[PDB]
Amino acid sequence: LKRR
Amino acid sequence: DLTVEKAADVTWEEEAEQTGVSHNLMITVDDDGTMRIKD
Amino acid sequence: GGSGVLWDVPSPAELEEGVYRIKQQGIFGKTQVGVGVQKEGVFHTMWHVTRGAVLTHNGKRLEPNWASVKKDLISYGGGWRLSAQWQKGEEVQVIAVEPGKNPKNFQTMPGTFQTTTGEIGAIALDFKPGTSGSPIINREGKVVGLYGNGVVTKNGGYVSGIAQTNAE
């Protein structure tokens, strides 16, 4: 999703 | 508890693999840091 | 969600400049949760990687001095010291430090994210969990931002902003  | 271990130096390598895509998108960032694509 | 900003005061914990794996204890052992950059005595990473938790080297404590949730950035040992700004149309490298992998530079020409404020570079590269905080550098070898806070496209693609503030 939006974050690593 | 969190630990830290050295990995590499901050150096530009000359014959680096090129990759990726250039998107042009409209987004909002809300206060909690969440990015959302304008719909 | 909640937001917060912290801005602080330097301590009376020495690290060589460079890129670091941020690891967390077991049992089972240590696991990479992210990446950070040490520059000029200050350790720079992304807020969501540590959430302000104490870092440890050797040794003794390293404690947060500045953080911003909206920016998704945090600095340990002093205020932010990475002052370089990405220019529209210049190519960058990501020094990607993935869990269990050798570091590797990846060159890319970022696109742009348009906000009401202004413009942020957009990096359409997809690294494994644990690699947030990897630095994005310019031709001069200077960090223009950190990787790991972004969006998913309508085609399922992952696209990180260049997370940067303005130093000092």
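If you go along the chain as it appears here, the first residue is 1 and each next one adds 1.
Looking at the header, which is where the method is noted, we find X-ray crystallography, 2.3 Å.
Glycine is no exception: its Cβ is also placed from the backbone N, Cα and C atoms.
Taking a C-beta cut-off of under 8 Å and a sequence gap of six or more, C:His48 (active site, charge relay system) has these contacts in its own chain: C:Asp72, C:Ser132, C:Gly148, C:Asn149. Annotated active site, charge relay system per Swiss-Prot: C:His48 (among others), in sequence order.
Residues or ranges marked as active site, charge relay system in Swiss-Prot (evidence: sequence analysis): C:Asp72 (among others). Taking the Cβ of C:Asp72 (active site, charge relay system) as centre and 10 Å as the limit, one finds 26 other Cβ atoms among all the protein chains shown. The secondary structure of C:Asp72 (active site, charge relay system), as reduced to three states from DSSP, is coil rather than helix or strand.
Using a 10 Å Cβ-Cβ cutoff, C:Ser132 (active site, charge relay system) registers 27 neighbours. Per Swiss-Prot, the feature active site, charge relay system maps to C:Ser132 (among others); the stated evidence is sequence analysis.
Proximity to chain B (Cβ-Cβ distance under 8 Å) holds for the following active-site residues out of C:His48, C:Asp72, C:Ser132: C:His48, C:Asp72.
Under the three-state DSSP scheme, C:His48 (active site, charge relay system) falls in the helix class. Flanking an unmodelled run of 5 residues are C:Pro12 and C:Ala13, whose Cα atoms lie 10 Å from one another.
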